[PDB]
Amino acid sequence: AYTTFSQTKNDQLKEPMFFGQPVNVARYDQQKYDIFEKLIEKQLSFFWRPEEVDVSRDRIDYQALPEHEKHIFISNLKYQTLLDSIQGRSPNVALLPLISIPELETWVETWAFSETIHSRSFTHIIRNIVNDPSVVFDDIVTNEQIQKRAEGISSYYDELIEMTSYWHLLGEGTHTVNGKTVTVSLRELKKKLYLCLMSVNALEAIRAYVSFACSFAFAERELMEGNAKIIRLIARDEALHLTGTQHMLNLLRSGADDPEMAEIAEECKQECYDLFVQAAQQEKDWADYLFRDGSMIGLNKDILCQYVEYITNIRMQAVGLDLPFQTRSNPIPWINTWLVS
């Protein structure tokens, strides 16, 4: 029920962001919500090439670092590599099949494309600070701790994709597949979408930022400055990605785009609160692990867990969820020097 070019003439300004008629013509002269055109323009103006960044002196730095500090650094780099590996492909695979307005379609493709640049940057860093990159890469997939913190990310995406396939194939209704009954509900799919967007928002809004803090702590000590420069470019991209999902979510819950989604958001609002808190919880558990055999000069588990709570409150506030933590001021205002956004 999906087509790469819907032959029906439709007003793209009147379609919902999702589940409407698949986008046929890709035009940018007009838009239902110009936030997406704006984001595309900004992301294109930020285009950068990891290769052009010199990380030459990061090798001696990483080598001179205390063992436990190497752990903190490489562990964080590995998780970041995981995040962008998924973000490079997922928005395309998961969202393109459901988008019904061209600006959002293009935004998603541009967003995903920018994530592949991020992935490319990590290979650039790893290659210049370690002799055998394979060691690093072949420890991301099985790393028990990394799967633990990354828990739930792929699942949300995968269930959305599966429901989407059933929806496009069988359509709305009650069906039979090899003796088993399979119910396909649009309302359920919409919920799956919403939960998935919330999860991606938490990924780019908090998970990425916690890793930035870990990375810039070294930059503060004039260490791993090659990596620092690259992470600064990535955080600038992430600021945009974050804005994109916040708008998607706020537009979906406000009821202007799809009344039914507005209803759905309200009722699973508590589920969303829980998934957000769980994400922050995983970040905390990770922190506890990062500094088990040694804290870092300028960043320890305590300060880091404070930051998680601090940014979590802000992000959740931005998408209409209650604040789970105690309000406080930024525990690490020095981070602002590196977050040009």
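All residue numbers are counted from 1 along the displayed sequence.
S.K.: Name the higher of the two by mean Cα B-factor in the PDB entry, 242-250 versus 139-147.
M.R.: Per the deposited B-factors, the answer is 139-147.
S.K.: For the higher mean C-alpha B factor in the entry, choose 175-183 or 162-170.
M.R.: That would be 175-183.
S.K.: Which one of 269, 78, 191, 232 shows the top CA temperature factor in the record?
M.R.: Among 269, 78, 191, 232, the PDB entry lists the largest C-alpha B-factor for 269.
S.K.: Which one, 315, 27, 301, 42, has the peak C-alpha temperature factor per the PDB entry?
M.R.: In the PDB entry, the greatest C-alpha B-factor among 315, 27, 301, 42 is found at 301.
S.K.: Ordered by C-alpha B-factor within the chain, which third holds residue 223? Give me lowest, middle or highest, please.
M.R.: CA B-factor rank for residue 223: highest third.
S.K.: By the record's CA B-factor, is residue 71 among the lowest, middle or highest third of residues in the chain?
M.R.: Highest third of the chain for residue 71's C-alpha B-factor.
S.K.: According to the PDB entry, is the CA B factor of residue 51 in the bottom, middle or top third of its chain, that is, lowest, middle or highest?
M.R.: Highest third.
S.K.: Comparing residue 258 with the other modelled residues of its chain, is its CA B-factor in the lowest, middle or highest third?
M.R.: Residue 258: CA B-factor falls in the highest third of its chain.
S.K.: Give the position of residue 37 by CA B-factor within its chain, expressed as the lowest, middle or highest third.
M.R.: Residue 37: CA B-factor falls in the lowest third of its chain.
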